[PDB]
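[1] with the input below, show me the fold.
(chains A and B, ligands or ions: 2)
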Amino acid sequence: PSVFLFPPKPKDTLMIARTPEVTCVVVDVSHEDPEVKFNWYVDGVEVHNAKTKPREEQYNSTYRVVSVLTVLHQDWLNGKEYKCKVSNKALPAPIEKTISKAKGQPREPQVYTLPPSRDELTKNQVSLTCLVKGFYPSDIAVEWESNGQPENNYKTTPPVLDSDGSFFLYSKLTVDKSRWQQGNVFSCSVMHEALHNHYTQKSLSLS
Amino acid sequence: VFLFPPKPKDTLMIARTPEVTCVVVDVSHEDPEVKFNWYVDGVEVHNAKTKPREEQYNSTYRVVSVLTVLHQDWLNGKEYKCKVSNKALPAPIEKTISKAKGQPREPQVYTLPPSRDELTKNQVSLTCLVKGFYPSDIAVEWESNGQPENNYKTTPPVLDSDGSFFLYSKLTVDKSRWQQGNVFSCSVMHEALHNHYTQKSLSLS
Ligand SMILES: *[C@@H]1O[C@H](CO[C@@H]2O[C@@H](C)[C@@H](O)[C@@H](O)[C@@H]2O)[C@@H](O[C@@H]2O[C@H](CO)[C@@H](O[C@@H]3O[C@H](CO[C@H]4O[C@H](CO)[C@@H](O)[C@H](O)[C@@H]4O[C@@H]4O[C@H](CO)[C@@H](O)[C@H](O)[C@H]4NC(C)=O)[C@@H](O)[C@H](O[C@H]4O[C@H](CO)[C@@H](O)[C@H](O)[C@@H]4O[C@@H]4O[C@H](CO)[C@@H](O)[C@H](O)[C@H]4NC(C)=O)[C@@H]3O)[C@H](O)[C@H]2NC(C)=O)[C@H](O)[C@H]1NC(C)=O
Ligand SMILES: *[C@H]1O[C@H](CO[C@@H]2O[C@@H](C)[C@@H](O)[C@@H](O)[C@@H]2O)[C@@H](O[C@@H]2O[C@H](CO)[C@@H](O[C@@H]3O[C@H](CO[C@H]4O[C@H](CO)[C@@H](O)[C@H](O)[C@@H]4O[C@@H]4O[C@H](CO)[C@@H](O)[C@H](O)[C@H]4NC(C)=O)[C@@H](O)[C@H](O[C@H]4O[C@H](CO)[C@@H](O)[C@H](O)[C@@H]4O[C@@H]4O[C@H](CO)[C@@H](O)[C@H](O)[C@H]4NC(C)=O)[C@@H]3O)[C@H](O)[C@H]2NC(C)=O)[C@H](O)[C@H]1NC(C)=O
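    Numbers count the residues shown, from 1 in each chain, chains lettered A, B, ... in the order given. Ligands and ions are numbered 1, 2, ... in the order given. Below you will find the coordinate block:
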């Protein structure tokens, strides 16, 4: 009977309006002994606003019960740690997992937008590039848009540990070749803690 | 028990020696002994290279086999079965591996110069976008003046929306080396590429 612990989504914590939550998934408890008690601890202080939600079978014959705790944006951001104590009877001792933000100096992502190579203009779809380097920690969130409306054909690479201990990532946005050729401005929106207001944005259009 | 593919570069260069490894973490002092029957497309092979058995410290060892595959064999999608007979197990464990099936596609390679906004700095970013390839085994490298570069980092391959993959490679040079006009080059090595190897250049305009 194994147990997992997941951080809040980046976006959740850096937007006061949203609700960040750590999840304590428990895959594999057995029919034999079903019962599970979730004592949540925050910086050690036991919390009681647990949200142990029910309970879902599967196609391997073992359950999966999940808890959820709502963290404060600040609590998480300031590096507090969330302990999940999972008491079952298939185990001699209750399993534990601690999680928290990544320690160390948060650093401001730099954001450069990179136009399509000349060599791609042969095509009828074109690549816009957003290079976001220099950040820490690696929780971050990138999105594309134009004319105030969002874009949906973009994909983003994972954050890569750069040589200086910071992270980079790229975002590629794929538009029709004409939309660029005319002069539409497009924008890359980054959202990261070490950004002023947790959010910057760079633009990009034909010259 | 685990099973690892040859490195991309090994298979796409006739001169190198691609090899699948059958790592076995965790056998116990109690019962040490392990026999490695390798099978290729089912046909049992006997050029096994079971390399020695190194009783690791957590009282669990780790014995490794190695098989040398032919470049062809791998590239044509043959499958490599590893059958690991121990006595802590009732039945011998199995793992099969092979290349990824599916139409290999030629990577397009575009080199992208530094944003204007980075010229404030004293180190500058060169970008190599390599999109459209399949399978995702690929190898990217940077160089200039025929000599190699060493300050570059590369993102994993990302599953693009059309089933193909992209990745980017960032090379970090001093701001002057660019400002002057040094050509730099991104070297990609992938199966669907003619001669398994293309290369694009990049310099100040
Ligand atoms: C007792 O000790 C031994 C070793 O003793 C040591 O004790 C001290 C002294 C220290 O030295 C310690 O280092 C060490 O603990 C322990 O043995 C370890 O056991 C674990 C599992 O029990 C193994 O983990 C696996 O690791 C692989 C990948 O690891 C690569 O990179 C590692 C470096 O971080 C390296 O350790 C590995 O050797 C390996 O490196 C590659 O080597 C090959 C072979 O030559 C080479 O070609 C490559 O060059 C090289 N790689 C490169 C390029 O760098 C990991 O992939 C495994 O994960 C699979 O299984 C997981 C569950 O166990 C699962 O969660 C994962 O999802 C994954 O399953 C797969 O998932 C991927 C998704 O991407 C995908 O393939 C599939 O979806 C799925 N596969 C399928 C379909 O099944 C795995 O975690 C360690 O390798 C091993 N350590 C050693 C020595 O390698 C042992 O743990 C101890 N005893 C106990 C009780 O724990
Ligand atoms: C029978 O069925 C179930 C379910 O079927 C499963 O899913 C279906 C769809 C098929 O693909 C099946 O093949 C597959 O089996 C099986 O249940 C599985 O149980 C295993 C092990 O117990 C789990 O493996 C782990 O995977 C987690 C990752 O889980 C996240 O992502 C998953 C997919 O992305 C998702 O399923 C999870 O819900 C979760 O996703 C997140 O969910 C949260 C909220 O819950 C949400 O906030 C997020 O939005 C969402 N995230 C997103 C976007 O995806 C992973 O944590 C584990 O990896 C660690 O542990 C391994 C130990 O073996 C180790 O080898 C790994 O390398 C890795 O090690 C960790 O490393 C990190 C840093 O590298 C370190 O911090 C940790 O300390 C270290 N942990 C260690 C050492 O323990 C692990 O790989 C499966 O996720 C789980 N499947 C599902 C769907 O839940 C079941 O096993 C089957 N029966 C069998 C075969 O026994």
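[2] name the nearest residue to residue A:105, ignoring sequence neighbours.
    What sits nearest to residue A:105 in space, not counting adjacent residues and going by CB to CB, 6 or more residues apart in numbering or on different chains, is residue A:136, at 6.7 Å. Every residue, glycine included, has its C-beta placed from N, CA and C.
[3] ramachandran coordinates for that neighbour?
    phi -170, psi 140 (degrees, to the nearest 10).
[4] doesn't residue A:104 make contact with it?
    Yes - under the criterion of CB atoms under 8 Å, residue A:136 makes contact with residue A:104 at 6.3 Å.
[5] looking at those two, which one has more neighbours?
    residue A:136 (23 against 10; other CB atoms under 10 Å in any protein chain shown).
[6] ok, now which ones touch residue A:24?
    A:3, A:4, A:5, A:38, A:40, A:66, A:67, A:68, A:69, A:84, A:86, A:97 (CB atoms under 8 Å, 6 or more residues apart in numbering or on different chains).
[7] quick check, nearest of those to ligand 2?
    residue A:4 (4.8 Å; CB to the nearest ligand atom).
[8] that closest one: neighbour count?
    13.
[9] returning to what we had before: can you redo the contacts of residue A:24 as CSV with secondary structure and distance to ligand 1?
    Shown next, in CSV, are those (DSSP: H, G, I helix; E, B strand; the rest coil; distance: CB to the nearest ligand atom, whole Å):
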residue, secondary structure, distance to ligand 1
A:3, coil, 14
A:4, coil, 11
A:5, coil, 15
A:38, strand, 23
A:40, strand, 25
A:66, strand, 19
A:67, strand, 22
A:68, strand, 23
A:69, strand, 24
A:84, strand, 19
A:86, strand, 19
A:97, strand, 15
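[10] got a PyMOL select line for the buried ones in those?
    Selecting only the buried entries of the contacts of residue A:24 in PyMOL, with 16 or more other CB atoms under 10 Å in any protein chain shown as the criterion:
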select buried, chain A and resi 3+5+38+40+66+67+68+69+84+86
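[11] re the thing from before, now do the contacts for the residue nearest to residue A:105.
    So residue A:136 contacts A:102, A:104, A:105, A:106, A:107, A:165, A:166, A:167, A:194 (CB under 8 Å, 6+ apart).
[12] from residue A:30, how far out is the closest residue to ligand 2 within chain A?
    Across chain A, the shortest distance to ligand 2 (CB to the nearest ligand atom) belongs to residue A:60, at 3.0 Å. The gap separating residue A:60 from residue A:30 is 11 Å, by CB to CB, to the nearest Å.
[13] show me which of those two is the more surrounded one.
    residue A:30 (13 against 8).
[14] helix, strand or coil: sort out the more buried one for me.
    coil (DSSP: H, G, I helix; E, B strand; the rest coil).
[15] need phi/psi at it.
    According to degrees, to the nearest 10, residue A:30 has phi -100, psi 160.
[16] what's near enough to touch the residue of chain A found nearest ligand 1?
    Closest residue of chain A to ligand 1, CB to the nearest ligand atom: residue A:2 (10.2 Å). By CB under 8 Å, 6+ apart, the residues touching residue A:2 are A:26, A:27, A:28, A:95.
[17] check residue A:112 too.
    Applying CB under 8 Å, 6+ apart, the residues contacting residue A:112 are A:130, A:131, A:132, A:133, A:202, B:114, B:115, B:117, B:118, B:125.
[18] setting aside sequence neighbours, what's the nearest residue to it?
    In space, residue A:112 is closest to residue B:115, 3.3 Å off (CB to CB, 6+ apart).
[19] hmm, residue A:99 is touching residue A:79, no?
    No - with contact defined as CB under 8 Å, residue A:99 does not reach residue A:79; the gap is 11.0 Å.
[20] compare these two (neighbour count), which wins?
    Taking neighbours as other CB under 10 Å, residue A:99 and residue A:79 compare with residue A:99 leading, 17 against 12.
[21] for the more buried one, which residues make a bridge with it?
    residue A:82 (DSSP bridges).
[22] still on that earlier bit, residues in a beta bridge with the residue nearest to residue A:105, which ones?
    If you apply DSSP bridges, the partners that residue A:136 bridges to are residue A:107.
[23] got it, and residue A:132?
    residue A:111, residue A:169.
[24] give me the neighbour count for residue A:82.
    23.
[25] same question, residue A:149
    7.
[26] what do you get for the one 5 residues further on?
    Other residues within reach of residue A:154, judged by other CB under 10 Å, total 21.
[27] what does the one 10 residues further on give?
    A total of 12 residues lie near residue A:164 under the criterion other CB under 10 Å.
[28] would you map out the domains in chain A?
    A:1-100, A:101-207 (curated CATH domains).
[29] enumerate the residues of chain A near ligand 2.
    Within reach of ligand 2 by CB under 6 Å from any ligand atom, chain A has these residues: A:2, A:4, A:6, A:23, A:25, A:27, A:28, A:58, A:60.
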